[PDB]
Each structure stands twice: as structure tokens, then as C-alpha cells.
$ cat final_8.cif   # mmCIF, C-alpha atoms
data_work
#
loop_
_atom_site.group_PDB
_atom_site.id
_atom_site.type_symbol
_atom_site.label_atom_id
_atom_site.label_comp_id
_atom_site.auth_asym_id
_atom_site.auth_seq_id
_atom_site.Cartn_x
_atom_site.Cartn_y
_atom_site.Cartn_z
ATOM 1 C CA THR U 1 0.000 0.000 0.000
ATOM 2 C CA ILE U 2 1.557 3.265 -1.171
ATOM 3 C CA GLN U 3 0.928 6.931 -0.948
ATOM 4 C CA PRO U 4 0.475 9.173 -4.113
ATOM 5 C CA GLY U 5 3.598 9.810 -6.134
ATOM 6 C CA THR U 6 5.702 8.488 -8.974
ATOM 7 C CA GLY U 7 8.702 6.245 -9.213
ATOM 8 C CA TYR U 8 10.076 2.969 -10.458
ATOM 9 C CA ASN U 9 8.955 -0.429 -9.214
ATOM 10 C CA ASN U 10 10.367 -3.708 -10.506
ATOM 11 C CA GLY U 11 11.643 -1.981 -13.651
ATOM 12 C CA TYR U 12 8.372 -0.181 -14.456
ATOM 13 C CA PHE U 13 7.391 3.449 -14.086
ATOM 14 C CA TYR U 14 4.341 3.987 -11.926
ATOM 15 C CA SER U 15 2.152 6.958 -11.162
ATOM 16 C CA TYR U 16 -0.557 7.161 -8.507
ATOM 17 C CA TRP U 17 -2.549 10.357 -7.986
ATOM 18 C CA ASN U 18 -5.641 11.142 -5.973
ATOM 19 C CA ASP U 19 -7.544 14.265 -4.990
ATOM 20 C CA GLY U 20 -7.273 13.529 -1.250
ATOM 21 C CA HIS U 21 -10.908 12.450 -0.735
ATOM 22 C CA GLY U 22 -10.097 8.916 0.449
ATOM 23 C CA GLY U 23 -11.599 5.550 -0.397
ATOM 24 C CA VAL U 24 -8.787 4.403 -2.742
ATOM 25 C CA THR U 25 -6.142 1.734 -2.144
ATOM 26 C CA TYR U 26 -3.362 1.317 -4.716
ATOM 27 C CA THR U 27 -0.756 -1.435 -4.453
ATOM 28 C CA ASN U 28 2.381 -2.090 -6.495
ATOM 29 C CA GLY U 29 2.947 -5.755 -7.167
ATOM 30 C CA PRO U 30 5.884 -7.693 -8.566
ATOM 31 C CA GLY U 31 7.017 -6.905 -12.092
ATOM 32 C CA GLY U 32 4.340 -5.092 -14.076
ATOM 33 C CA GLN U 33 1.482 -5.761 -11.614
ATOM 34 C CA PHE U 34 -0.623 -3.237 -9.706
ATOM 35 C CA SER U 35 -3.969 -3.409 -7.921
ATOM 36 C CA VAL U 36 -6.580 -0.768 -7.174
ATOM 37 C CA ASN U 37 -9.449 -1.210 -4.726
ATOM 38 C CA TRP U 38 -11.768 1.759 -4.203
ATOM 39 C CA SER U 39 -15.014 2.469 -2.380
ATOM 40 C CA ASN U 40 -16.879 5.779 -2.676
ATOM 41 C CA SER U 41 -13.701 7.397 -3.909
ATOM 42 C CA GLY U 42 -12.965 10.810 -5.280
ATOM 43 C CA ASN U 43 -10.940 11.369 -8.455
ATOM 44 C CA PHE U 44 -7.851 9.197 -8.886
ATOM 45 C CA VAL U 45 -5.481 7.790 -11.515
ATOM 46 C CA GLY U 46 -3.061 4.929 -11.024
ATOM 47 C CA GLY U 47 -0.959 2.632 -13.162
ATOM 48 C CA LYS U 48 2.308 1.235 -14.452
ATOM 49 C CA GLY U 49 4.251 1.605 -17.666
ATOM 50 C CA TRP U 50 7.074 3.689 -19.067
ATOM 51 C CA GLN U 51 8.777 7.071 -18.663
ATOM 52 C CA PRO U 52 9.213 8.068 -21.432
ATOM 53 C CA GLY U 53 6.826 6.198 -23.674
ATOM 54 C CA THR U 54 7.379 5.710 -27.371
ATOM 55 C CA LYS U 55 5.369 6.116 -30.554
ATOM 56 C CA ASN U 56 5.658 2.475 -31.627
ATOM 57 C CA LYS U 57 5.221 0.566 -28.338
ATOM 58 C CA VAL U 58 3.120 -2.610 -28.243
ATOM 59 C CA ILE U 59 1.597 -2.620 -24.736
ATOM 60 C CA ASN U 60 0.266 -5.865 -23.281
ATOM 61 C CA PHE U 61 -2.089 -5.946 -20.301
ATOM 62 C CA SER U 62 -3.689 -8.825 -18.421
ATOM 63 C CA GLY U 63 -6.091 -8.958 -15.510
ATOM 64 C CA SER U 64 -9.536 -8.071 -14.207
ATOM 65 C CA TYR U 65 -11.461 -4.811 -14.050
ATOM 66 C CA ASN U 66 -14.721 -4.458 -12.097
ATOM 67 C CA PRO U 67 -15.997 -0.880 -11.927
ATOM 68 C CA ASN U 68 -19.142 0.157 -10.108
ATOM 69 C CA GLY U 69 -19.744 3.657 -11.455
ATOM 70 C CA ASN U 70 -17.580 6.148 -13.348
ATOM 71 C CA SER U 71 -14.168 4.598 -14.180
ATOM 72 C CA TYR U 72 -11.906 3.929 -17.179
ATOM 73 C CA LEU U 73 -9.177 1.437 -18.069
ATOM 74 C CA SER U 74 -6.814 2.984 -20.602
ATOM 75 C CA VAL U 75 -3.424 3.336 -22.097
ATOM 76 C CA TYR U 76 -2.871 6.881 -20.799
ATOM 77 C CA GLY U 77 -0.099 9.414 -21.348
ATOM 78 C CA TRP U 78 1.162 12.821 -22.345
ATOM 79 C CA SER U 79 3.201 14.515 -25.023
ATOM 80 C CA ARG U 80 5.030 17.840 -24.774
ATOM 81 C CA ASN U 81 5.420 20.535 -27.397
ATOM 82 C CA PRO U 82 2.549 20.345 -28.136
ATOM 83 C CA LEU U 83 1.050 19.528 -24.784
ATOM 84 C CA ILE U 84 -1.414 16.640 -25.262
ATOM 85 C CA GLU U 85 -3.140 14.271 -22.811
ATOM 86 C CA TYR U 86 -4.193 11.067 -24.583
ATOM 87 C CA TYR U 87 -6.305 7.989 -23.847
ATOM 88 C CA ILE U 88 -6.714 4.653 -25.621
ATOM 89 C CA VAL U 89 -9.763 3.440 -23.727
ATOM 90 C CA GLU U 90 -10.251 -0.315 -23.510
ATOM 91 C CA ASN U 91 -13.076 -0.486 -20.967
ATOM 92 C CA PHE U 92 -15.183 1.827 -18.818
ATOM 93 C CA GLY U 93 -18.137 1.826 -16.433
ATOM 94 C CA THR U 94 -21.244 4.027 -16.365
ATOM 95 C CA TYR U 95 -19.799 6.992 -18.337
ATOM 96 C CA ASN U 96 -18.451 6.893 -21.870
ATOM 97 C CA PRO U 97 -15.742 9.607 -21.718
ATOM 98 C CA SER U 98 -16.261 10.531 -25.373
ATOM 99 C CA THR U 99 -19.760 11.781 -24.534
ATOM 100 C CA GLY U 100 -20.288 15.227 -26.033
ATOM 101 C CA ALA U 101 -16.896 15.219 -27.757
ATOM 102 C CA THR U 102 -16.228 15.787 -31.445
ATOM 103 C CA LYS U 103 -15.724 12.588 -33.452
ATOM 104 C CA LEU U 104 -12.626 12.779 -35.643
ATOM 105 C CA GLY U 105 -12.528 9.322 -37.253
ATOM 106 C CA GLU U 106 -12.393 5.565 -36.709
ATOM 107 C CA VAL U 107 -9.403 3.220 -36.569
ATOM 108 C CA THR U 108 -9.334 -0.586 -36.529
ATOM 109 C CA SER U 109 -6.728 -2.152 -34.289
ATOM 110 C CA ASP U 110 -6.147 -5.250 -32.160
ATOM 111 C CA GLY U 111 -9.516 -6.862 -32.814
ATOM 112 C CA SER U 112 -11.864 -3.900 -32.556
ATOM 113 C CA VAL U 113 -12.942 -0.694 -34.182
ATOM 114 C CA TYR U 114 -12.138 2.384 -32.100
ATOM 115 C CA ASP U 115 -13.791 5.776 -32.354
ATOM 116 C CA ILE U 116 -11.524 8.855 -32.286
ATOM 117 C CA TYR U 117 -12.413 12.104 -30.514
ATOM 118 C CA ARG U 118 -10.863 15.427 -29.561
ATOM 119 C CA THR U 119 -11.759 17.489 -26.469
ATOM 120 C CA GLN U 120 -10.209 20.640 -25.015
ATOM 121 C CA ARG U 121 -9.275 21.273 -21.395
ATOM 122 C CA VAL U 122 -9.160 24.963 -20.443
ATOM 123 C CA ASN U 123 -6.954 26.184 -17.587
ATOM 124 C CA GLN U 124 -6.655 22.738 -16.028
ATOM 125 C CA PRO U 125 -3.762 20.998 -14.246
ATOM 126 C CA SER U 126 -1.119 19.426 -16.457
ATOM 127 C CA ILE U 127 2.390 18.014 -16.307
ATOM 128 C CA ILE U 128 3.727 21.544 -16.886
ATOM 129 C CA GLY U 129 1.213 23.388 -14.689
ATOM 130 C CA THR U 130 -2.145 25.012 -15.279
ATOM 131 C CA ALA U 131 -2.693 25.114 -19.029
ATOM 132 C CA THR U 132 -5.112 24.920 -21.944
ATOM 133 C CA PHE U 133 -4.500 21.763 -23.973
ATOM 134 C CA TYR U 134 -6.210 19.205 -26.170
ATOM 135 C CA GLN U 135 -7.097 15.644 -25.240
ATOM 136 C CA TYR U 136 -7.043 12.824 -27.788
ATOM 137 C CA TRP U 137 -9.190 9.726 -27.328
ATOM 138 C CA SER U 138 -9.498 6.321 -28.935
ATOM 139 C CA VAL U 139 -12.482 4.457 -27.469
ATOM 140 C CA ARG U 140 -12.720 0.723 -28.072
ATOM 141 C CA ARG U 141 -16.166 -0.445 -29.158
ATOM 142 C CA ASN U 142 -15.707 -4.021 -27.904
ATOM 143 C CA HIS U 143 -14.731 -3.720 -24.239
ATOM 144 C CA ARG U 144 -12.063 -5.914 -22.620
ATOM 145 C CA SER U 145 -9.758 -6.186 -19.587
ATOM 146 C CA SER U 146 -6.878 -8.069 -21.254
ATOM 147 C CA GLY U 147 -5.183 -7.613 -24.593
ATOM 148 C CA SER U 148 -2.451 -5.995 -26.649
ATOM 149 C CA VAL U 149 -2.461 -2.352 -27.826
ATOM 150 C CA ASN U 150 -0.384 -1.391 -30.901
ATOM 151 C CA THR U 151 0.011 2.298 -30.062
ATOM 152 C CA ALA U 152 1.360 3.178 -33.510
ATOM 153 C CA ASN U 153 -1.972 2.351 -35.144
ATOM 154 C CA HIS U 154 -3.693 5.002 -32.994
ATOM 155 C CA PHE U 155 -0.968 7.641 -33.174
ATOM 156 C CA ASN U 156 -0.813 7.290 -36.969
ATOM 157 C CA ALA U 157 -4.609 7.435 -37.322
ATOM 158 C CA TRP U 158 -4.686 10.561 -35.122
ATOM 159 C CA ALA U 159 -1.962 12.168 -37.228
ATOM 160 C CA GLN U 160 -3.883 11.450 -40.433
ATOM 161 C CA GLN U 161 -6.851 13.336 -39.001
ATOM 162 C CA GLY U 162 -4.744 16.350 -37.966
ATOM 163 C CA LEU U 163 -4.210 15.332 -34.333
ATOM 164 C CA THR U 164 -0.450 15.615 -33.954
ATOM 165 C CA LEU U 165 1.730 14.574 -31.028
ATOM 166 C CA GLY U 166 5.011 16.028 -29.803
ATOM 167 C CA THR U 167 7.700 14.610 -27.509
ATOM 168 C CA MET U 168 6.486 11.663 -25.440
ATOM 169 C CA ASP U 169 6.313 11.867 -21.657
ATOM 170 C CA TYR U 170 5.011 9.031 -19.487
ATOM 171 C CA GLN U 171 2.857 6.244 -20.939
ATOM 172 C CA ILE U 172 1.053 3.873 -18.582
ATOM 173 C CA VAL U 173 -1.842 1.446 -18.355
ATOM 174 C CA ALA U 174 -4.115 3.270 -15.929
ATOM 175 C CA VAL U 175 -7.257 2.798 -13.898
ATOM 176 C CA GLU U 176 -9.013 6.152 -13.537
ATOM 177 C CA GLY U 177 -12.013 6.702 -11.282
ATOM 178 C CA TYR U 178 -14.333 9.609 -10.514
ATOM 179 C CA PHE U 179 -16.418 9.237 -7.337
ATOM 180 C CA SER U 180 -17.084 5.533 -7.750
ATOM 181 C CA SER U 181 -16.254 2.060 -6.404
ATOM 182 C CA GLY U 182 -14.492 -0.909 -7.915
ATOM 183 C CA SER U 183 -11.590 -3.305 -7.967
ATOM 184 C CA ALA U 184 -8.918 -3.928 -10.585
ATOM 185 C CA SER U 185 -5.812 -6.093 -10.819
ATOM 186 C CA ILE U 186 -3.701 -5.569 -13.953
ATOM 187 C CA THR U 187 -0.280 -6.820 -15.116
ATOM 188 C CA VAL U 188 1.549 -4.773 -17.771
ATOM 189 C CA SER U 189 4.312 -5.857 -20.136
#
$ encode --input "final_8.cif" --output "C-alpha cells"
Amino acid sequence: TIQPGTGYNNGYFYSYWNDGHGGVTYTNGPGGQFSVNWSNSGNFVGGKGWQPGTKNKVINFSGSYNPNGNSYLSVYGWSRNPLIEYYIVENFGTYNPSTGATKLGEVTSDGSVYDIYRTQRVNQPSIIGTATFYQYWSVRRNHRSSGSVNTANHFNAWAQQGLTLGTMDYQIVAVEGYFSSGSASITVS
């Protein structure tokens, strides 16, 4: 059981953030494993992966994901110059995070069609401070809690549609929750 922050565990980068509200337990396991157990949480994000990520990484993830409420399971990360927060969403609970966003295409990868969206965050927290920046989304139609993500298929499809990325920062498989309950146990490689 760990307290929010970032570091390296068993060769993997991890990041665990929460808004202080309580009701979240995050645990680093051996190798690429992490667990998240939450009950009437606030907002939180936690996972394992790489710092920095790359534009041609094939990310594998295996485990179980049981949300009760608003939660996502994603390949999640940032780029710099331009500043971009991006999500490849594999599963989610009661809220589809692309709701109300602008659809910018479709890409087929790793056994499913994904829908592509762009949203804008105005004067929100970021890896370089309060900023205004775009978010890019790929949302998998056929939900799953295990699989392989070929990131290059998404990054290239985004670029075709005008959604360009800069220099990669961290790149993790992440469980995100917003005032919900659930359990997840995921192993990354």
C-alpha cells in the first residue's frame, strides 16, 4: 500500500494520484502488476508503464477490471510541445468519456474498431502546470480487460486526421475513477 507519487517499481514506471478524498487503495505488485481497490472514492489515476513512452510501443495488459460507477481502463499518457493528454480506452463503467466530444474518425486495431475524438481542457492541471491543452481519445467499441495495444496504429490514425503529437512523456496502463467504487488487478508488459 503506497501513498500518491511516482517512481520505479520492478523496472516499471508507476504513477498514482488522488484528490485527497479517500476511499482508494493502490498497491504495487511484482514486475508489471498493480492493484486498485476503491469504495466511494474521489478522483484518482493509477498505473504502471514507461517514462518516457514511445510512438511504436506494443503494450500488453492482463487482468480483471470491475468498476461500479464512473471509471476507465486505458493506455494513458502525455506529449510535450505540443502539450497533449491522450487515452486509448479499452473499458469503462457508467460513463463513456467521449460523450459530447467531437468525433474525428475511426481506426481498426487489435480486434476492434475504435472511435476517435478530440476534447479541449481549459486552464486545467497538467504536467507543466495550469494550461489549456487538447485531449485525444481512442475508445474501443468491444470492451475488454486483457489484450495488446499497438500504439502506432492510434498515433498514426490521429496524425492522419490532424491530431499531432510532440515529444512523449510518461505512458502507462491506468485505472481512472471519478467518485465511484471498484476493484482492478492488472499486469503490464
$ residues_around --input "final_8.cif" --residues "range 30-34 of chain U" --least-positions-apart "5" --cutoff "8 Å" --atoms "all atoms listed in the file" --output "VMD selection string"
chain U and resid 9 to 12 47 to 49 185 to 189
$ resolve_selection --input "final_8.cif" --expression "the PyMOL selection byres ((chain U and resi 161) around 12)" --output "list in words"
residues 103, 104, 105, 106, 107, 116, 117, 118, 136, 154, 155, 156, 157, 158, 159, 160, 162, 163, 164 and 165 of chain U
$ residues_around --input "final_8.cif" --residues "range 53-62 of chain U" --least-positions-apart "2" --cutoff "7 Å" --atoms "only C-alpha atoms" --output "ChimeraX atom specification"
/U:50-51,145-152,168-171,186-189
$ resolve_selection --input "final_8.cif" --expression "the PyMOL selection byres ((chain U and resi 4) around 12)" --output "number ranges by chain"
U: 1-3, 5-7, 14-20, 22, 24-28, 44-47
$ closest_residue --input "final_8.cif" --among "U:114, U:95, U:179, U:133" --to "residue 153 in chain U" --atoms "all atoms listed in the file"
U:114
$ residues_around --input "final_8.cif" --residues "range 111-113 of chain U" --least-positions-apart "4" --cutoff "9 Å" --atoms "only C-alpha atoms" --output "PyMOL selection string"
chain U and resi 106-107+139-143
$ axis_aligned_box --input "final_8.cif" --around "range 33-47 of chain U" --padding-each-side "6 Å" --output "lines of an AutoDock Vina configuration file"
center_x = -7.7
center_y = 2.8
center_z = -7.8
size_x = 30.4
size_y = 29.1
size_z = 22.8
$ residues_around --input "final_8.cif" --residues "residue 181 in chain U" --least-positions-apart "2" --cutoff "7 Å" --atoms "all atoms listed in the file" --output "CSV table (one decimal) with C-alpha atoms, in the coordinates of the input"
chain,number,residue,atom,x,y,z
U,38,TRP,CA,-11.8,1.8,-4.2
U,39,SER,CA,-15.0,2.5,-2.4
U,40,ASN,CA,-16.9,5.8,-2.7
U,41,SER,CA,-13.7,7.4,-3.9
U,67,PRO,CA,-16.0,-0.9,-11.9
U,68,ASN,CA,-19.1,0.2,-10.1
U,69,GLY,CA,-19.7,3.7,-11.5
$ resolve_selection --input "final_8.cif" --expression "the PyMOL selection byres ((chain U and resi 71) around 10)" --output "PyMOL selection string"
chain U and resi 43-45+65-70+72-74+91-97+175-182
$ write_last_selection --input "final_8.cif" --atoms "C-alpha atoms" --output "PDB file, in the frame of the given file"
ATOM      1  CA  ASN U  43     -10.940  11.369  -8.455  1.00  0.00           C
ATOM      2  CA  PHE U  44      -7.851   9.197  -8.886  1.00  0.00           C
ATOM      3  CA  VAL U  45      -5.481   7.790 -11.515  1.00  0.00           C
ATOM      4  CA  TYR U  65     -11.461  -4.811 -14.050  1.00  0.00           C
ATOM      5  CA  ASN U  66     -14.721  -4.458 -12.097  1.00  0.00           C
ATOM      6  CA  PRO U  67     -15.997  -0.880 -11.927  1.00  0.00           C
ATOM      7  CA  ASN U  68     -19.142   0.157 -10.108  1.00  0.00           C
ATOM      8  CA  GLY U  69     -19.744   3.657 -11.455  1.00  0.00           C
ATOM      9  CA  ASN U  70     -17.580   6.148 -13.348  1.00  0.00           C
ATOM     10  CA  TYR U  72     -11.906   3.929 -17.179  1.00  0.00           C
ATOM     11  CA  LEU U  73      -9.177   1.437 -18.069  1.00  0.00           C
ATOM     12  CA  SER U  74      -6.814   2.984 -20.602  1.00  0.00           C
ATOM     13  CA  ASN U  91     -13.076  -0.486 -20.967  1.00  0.00           C
ATOM     14  CA  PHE U  92     -15.183   1.827 -18.818  1.00  0.00           C
ATOM     15  CA  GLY U  93     -18.137   1.826 -16.433  1.00  0.00           C
ATOM     16  CA  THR U  94     -21.244   4.027 -16.365  1.00  0.00           C
ATOM     17  CA  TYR U  95     -19.799   6.992 -18.337  1.00  0.00           C
ATOM     18  CA  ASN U  96     -18.451   6.893 -21.870  1.00  0.00           C
ATOM     19  CA  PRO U  97     -15.742   9.607 -21.718  1.00  0.00           C
ATOM     20  CA  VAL U 175      -7.257   2.798 -13.898  1.00  0.00           C
ATOM     21  CA  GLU U 176      -9.013   6.152 -13.537  1.00  0.00           C
ATOM     22  CA  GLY U 177     -12.013   6.702 -11.282  1.00  0.00           C
ATOM     23  CA  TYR U 178     -14.333   9.609 -10.514  1.00  0.00           C
ATOM     24  CA  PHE U 179     -16.418   9.237  -7.337  1.00  0.00           C
ATOM     25  CA  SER U 180     -17.084   5.533  -7.750  1.00  0.00           C
ATOM     26  CA  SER U 181     -16.254   2.060  -6.404  1.00  0.00           C
ATOM     27  CA  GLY U 182     -14.492  -0.909  -7.915  1.00  0.00           C
TER      28      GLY U 182
END
$ closest_residue --input "final_8.cif" --among "U:123, U:64, U:108, U:132" --to "residue 183 in chain U" --atoms "all atoms listed in the file"
U:64
$ atom_distance --input "final_8.cif" --atom1 "CA of residue 87 in chain U" --atom2 "CA of residue 137 in chain U"
4.8 Å
$ decode --input "final_8.cif" --residues "range 136-171 of chain U" --atoms "N, CA and C atoms" --output "PDB file, in the first residue's frame"
ATOM      1  N   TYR U 136      -6.709  13.754 -26.723  1.00  0.00           N
ATOM      2  CA  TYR U 136      -7.043  12.824 -27.788  1.00  0.00           C
ATOM      3  C   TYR U 136      -7.516  11.513 -27.185  1.00  0.00           C
ATOM      4  N   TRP U 137      -8.536  10.935 -27.808  1.00  0.00           N
ATOM      5  CA  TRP U 137      -9.190   9.726 -27.328  1.00  0.00           C
ATOM      6  C   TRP U 137      -9.316   8.722 -28.463  1.00  0.00           C
ATOM      7  N   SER U 138      -9.006   7.459 -28.170  1.00  0.00           N
ATOM      8  CA  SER U 138      -9.498   6.321 -28.935  1.00  0.00           C
ATOM      9  C   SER U 138     -10.330   5.461 -27.993  1.00  0.00           C
ATOM     10  N   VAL U 139     -11.584   5.210 -28.341  1.00  0.00           N
ATOM     11  CA  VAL U 139     -12.482   4.457 -27.469  1.00  0.00           C
ATOM     12  C   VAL U 139     -12.844   3.140 -28.143  1.00  0.00           C
ATOM     13  N   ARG U 140     -12.470   2.041 -27.507  1.00  0.00           N
ATOM     14  CA  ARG U 140     -12.720   0.723 -28.072  1.00  0.00           C
ATOM     15  C   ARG U 140     -14.202   0.372 -28.013  1.00  0.00           C
ATOM     16  N   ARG U 141     -14.756  -0.067 -29.146  1.00  0.00           N
ATOM     17  CA  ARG U 141     -16.166  -0.445 -29.158  1.00  0.00           C
ATOM     18  C   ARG U 141     -16.403  -1.720 -28.369  1.00  0.00           C
ATOM     19  N   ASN U 142     -15.529  -2.702 -28.524  1.00  0.00           N
ATOM     20  CA  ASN U 142     -15.707  -4.021 -27.904  1.00  0.00           C
ATOM     21  C   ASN U 142     -14.836  -4.049 -26.650  1.00  0.00           C
ATOM     22  N   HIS U 143     -15.464  -3.885 -25.488  1.00  0.00           N
ATOM     23  CA  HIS U 143     -14.731  -3.720 -24.239  1.00  0.00           C
ATOM     24  C   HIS U 143     -13.998  -4.998 -23.816  1.00  0.00           C
ATOM     25  N   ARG U 144     -12.879  -4.810 -23.118  1.00  0.00           N
ATOM     26  CA  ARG U 144     -12.063  -5.914 -22.620  1.00  0.00           C
ATOM     27  C   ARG U 144     -11.146  -5.447 -21.496  1.00  0.00           C
ATOM     28  N   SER U 145     -10.662  -6.425 -20.714  1.00  0.00           N
ATOM     29  CA  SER U 145      -9.758  -6.186 -19.587  1.00  0.00           C
ATOM     30  C   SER U 145      -8.406  -6.852 -19.757  1.00  0.00           C
ATOM     31  N   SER U 146      -8.179  -7.526 -20.882  1.00  0.00           N
ATOM     32  CA  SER U 146      -6.878  -8.069 -21.254  1.00  0.00           C
ATOM     33  C   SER U 146      -6.676  -7.745 -22.725  1.00  0.00           C
ATOM     34  N   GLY U 147      -5.442  -7.769 -23.179  1.00  0.00           N
ATOM     35  CA  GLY U 147      -5.183  -7.613 -24.593  1.00  0.00           C
ATOM     36  C   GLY U 147      -3.835  -6.981 -24.869  1.00  0.00           C
ATOM     37  N   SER U 148      -3.664  -6.618 -26.135  1.00  0.00           N
ATOM     38  CA  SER U 148      -2.451  -5.995 -26.649  1.00  0.00           C
ATOM     39  C   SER U 148      -2.862  -4.745 -27.412  1.00  0.00           C
ATOM     40  N   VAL U 149      -2.188  -3.624 -27.151  1.00  0.00           N
ATOM     41  CA  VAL U 149      -2.461  -2.352 -27.826  1.00  0.00           C
ATOM     42  C   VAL U 149      -1.241  -1.969 -28.652  1.00  0.00           C
ATOM     43  N   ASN U 150      -1.424  -1.867 -29.973  1.00  0.00           N
ATOM     44  CA  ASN U 150      -0.384  -1.391 -30.901  1.00  0.00           C
ATOM     45  C   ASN U 150      -0.539   0.124 -31.000  1.00  0.00           C
ATOM     46  N   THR U 151       0.222   0.855 -30.176  1.00  0.00           N
ATOM     47  CA  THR U 151       0.011   2.298 -30.062  1.00  0.00           C
ATOM     48  C   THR U 151       0.167   2.994 -31.399  1.00  0.00           C
ATOM     49  N   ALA U 152       1.093   2.507 -32.241  1.00  0.00           N
ATOM     50  CA  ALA U 152       1.360   3.178 -33.510  1.00  0.00           C
ATOM     51  C   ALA U 152       0.125   3.253 -34.394  1.00  0.00           C
ATOM     52  N   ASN U 153      -0.776   2.276 -34.307  1.00  0.00           N
ATOM     53  CA  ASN U 153      -1.972   2.351 -35.144  1.00  0.00           C
ATOM     54  C   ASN U 153      -2.844   3.543 -34.761  1.00  0.00           C
ATOM     55  N   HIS U 154      -2.909   3.859 -33.472  1.00  0.00           N
ATOM     56  CA  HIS U 154      -3.693   5.002 -32.994  1.00  0.00           C
ATOM     57  C   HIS U 154      -2.985   6.315 -33.287  1.00  0.00           C
ATOM     58  N   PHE U 155      -1.700   6.407 -32.936  1.00  0.00           N
ATOM     59  CA  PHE U 155      -0.968   7.641 -33.174  1.00  0.00           C
ATOM     60  C   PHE U 155      -0.969   8.007 -34.653  1.00  0.00           C
ATOM     61  N   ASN U 156      -0.790   7.016 -35.533  1.00  0.00           N
ATOM     62  CA  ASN U 156      -0.813   7.290 -36.969  1.00  0.00           C
ATOM     63  C   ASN U 156      -2.203   7.698 -37.445  1.00  0.00           C
ATOM     64  N   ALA U 157      -3.256   7.042 -36.949  1.00  0.00           N
ATOM     65  CA  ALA U 157      -4.609   7.435 -37.322  1.00  0.00           C
ATOM     66  C   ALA U 157      -4.936   8.845 -36.827  1.00  0.00           C
ATOM     67  N   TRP U 158      -4.507   9.197 -35.602  1.00  0.00           N
ATOM     68  CA  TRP U 158      -4.686  10.561 -35.122  1.00  0.00           C
ATOM     69  C   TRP U 158      -3.984  11.535 -36.059  1.00  0.00           C
ATOM     70  N   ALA U 159      -2.731  11.241 -36.407  1.00  0.00           N
ATOM     71  CA  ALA U 159      -1.962  12.168 -37.228  1.00  0.00           C
ATOM     72  C   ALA U 159      -2.627  12.381 -38.578  1.00  0.00           C
ATOM     73  N   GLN U 160      -3.190  11.315 -39.156  1.00  0.00           N
ATOM     74  CA  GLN U 160      -3.883  11.450 -40.433  1.00  0.00           C
ATOM     75  C   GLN U 160      -5.020  12.453 -40.341  1.00  0.00           C
ATOM     76  N   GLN U 161      -5.675  12.515 -39.191  1.00  0.00           N
ATOM     77  CA  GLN U 161      -6.851  13.336 -39.001  1.00  0.00           C
ATOM     78  C   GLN U 161      -6.505  14.727 -38.523  1.00  0.00           C
ATOM     79  N   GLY U 162      -5.210  15.040 -38.413  1.00  0.00           N
ATOM     80  CA  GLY U 162      -4.744  16.350 -37.966  1.00  0.00           C
ATOM     81  C   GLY U 162      -4.408  16.450 -36.494  1.00  0.00           C
ATOM     82  N   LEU U 163      -4.391  15.335 -35.780  1.00  0.00           N
ATOM     83  CA  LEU U 163      -4.210  15.332 -34.333  1.00  0.00           C
ATOM     84  C   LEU U 163      -2.768  14.904 -34.091  1.00  0.00           C
ATOM     85  N   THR U 164      -1.880  15.884 -34.005  1.00  0.00           N
ATOM     86  CA  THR U 164      -0.450  15.615 -33.954  1.00  0.00           C
ATOM     87  C   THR U 164       0.034  15.550 -32.512  1.00  0.00           C
ATOM     88  N   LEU U 165       1.093  14.775 -32.314  1.00  0.00           N
ATOM     89  CA  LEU U 165       1.730  14.574 -31.028  1.00  0.00           C
ATOM     90  C   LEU U 165       3.133  15.159 -31.073  1.00  0.00           C
ATOM     91  N   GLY U 166       3.640  15.555 -29.899  1.00  0.00           N
ATOM     92  CA  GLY U 166       5.011  16.028 -29.803  1.00  0.00           C
ATOM     93  C   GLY U 166       5.932  15.002 -29.162  1.00  0.00           C
ATOM     94  N   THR U 167       6.709  15.446 -28.181  1.00  0.00           N
ATOM     95  CA  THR U 167       7.700  14.610 -27.509  1.00  0.00           C
ATOM     96  C   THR U 167       7.012  13.817 -26.401  1.00  0.00           C
ATOM     97  N   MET U 168       7.204  12.497 -26.388  1.00  0.00           N
ATOM     98  CA  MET U 168       6.486  11.663 -25.440  1.00  0.00           C
ATOM     99  C   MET U 168       6.992  11.854 -24.020  1.00  0.00           C
ATOM    100  N   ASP U 169       6.041  11.910 -23.083  1.00  0.00           N
ATOM    101  CA  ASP U 169       6.313  11.867 -21.657  1.00  0.00           C
ATOM    102  C   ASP U 169       5.827  10.498 -21.191  1.00  0.00           C
ATOM    103  N   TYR U 170       5.267  10.377 -19.988  1.00  0.00           N
ATOM    104  CA  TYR U 170       5.011   9.031 -19.487  1.00  0.00           C
ATOM    105  C   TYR U 170       3.823   8.403 -20.220  1.00  0.00           C
ATOM    106  N   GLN U 171       3.772   7.065 -20.153  1.00  0.00           N
ATOM    107  CA  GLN U 171       2.857   6.244 -20.939  1.00  0.00           C
ATOM    108  C   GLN U 171       2.562   5.014 -20.103  1.00  0.00           C
TER     109      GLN U 171
END
